[PDB]
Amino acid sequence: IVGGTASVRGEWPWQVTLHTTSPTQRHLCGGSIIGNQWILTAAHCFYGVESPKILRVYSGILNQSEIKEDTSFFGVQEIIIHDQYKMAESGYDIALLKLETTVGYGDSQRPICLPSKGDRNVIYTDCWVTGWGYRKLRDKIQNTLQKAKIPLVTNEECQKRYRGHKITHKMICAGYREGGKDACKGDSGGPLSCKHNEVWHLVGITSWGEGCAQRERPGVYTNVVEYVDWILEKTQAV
């Protein structure tokens, strides 16, 4: 996160850190708890990931230093990538992790509500991007989960900012015209959380951008509302 500040423990209890074990253990991507055995994240995070056996999901984490070999985690039973996904820049940048065991909800780990189909017409004015990602293009993973409040940008305005790309309605953009606050390397797959009527909703999934927090380059997010039926298809399978 560029231009963000330290989160307070328990502030974003749906935020997870997805680690890879191969070749060595490290943070890979962000994710959000959406159900007791479900993590919603970005499809691009799994480039070259050949098995869910190398993945570890850590919930209830503020600082990466809380993670040692004796720290409990959730194993991943299955990686579900949207079957239309080719690359982040073309959309369908969404994946589900089905956990081997059930998350016990509490003040440190709980789910974020998915947006409602009716909420496609609501205007979100209180949106935040969170993660352990870089504070600039050449940096390192941060110990403390960072947060940054970012304004949502219309599809028309985002398309003007990305000439040569096709910004679809399955993407949602966020950023200040002057830059300064955005997601960066290591934040992808994490949430873009918006508060509306005292309830937080998972509005976006950190996906892609041209550099980090650059002037007139909003961050591009998977527009979660456009995938509610796909999420329910995969999570509510009979």
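When you see a residue number, it is the position in the sequence shown, counting from 1.
Higher mean CA temperature factor, per the PDB entry, when comparing 118-126 with 152-160: 118-126. A summary of the deposited B-factors shows that, of 215-223 and 18-26, the stretch with the larger mean C-alpha value is 18-26. The maximum CA B-factor among the listed residues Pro191, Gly186, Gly180, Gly35, taken from the PDB record, is found at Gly180. Among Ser72, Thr144, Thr102, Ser90, the highest C-alpha B-factor in the deposited entry belongs to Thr102.
Sort the modelled residues of the chain by CA B factor and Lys53 lands in the highest third. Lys170: CA B factor lies in the middle third for its chain, per the PDB record. Per the PDB record, residue ranking by Cα B-factor puts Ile1 in the lowest third of the chain. Sort the modelled residues of the chain by CA B factor and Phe46 lands in the lowest third.
Compared with the other modelled residues of the chain, the Cα B-factor recorded for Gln64 ranks in the middle third.
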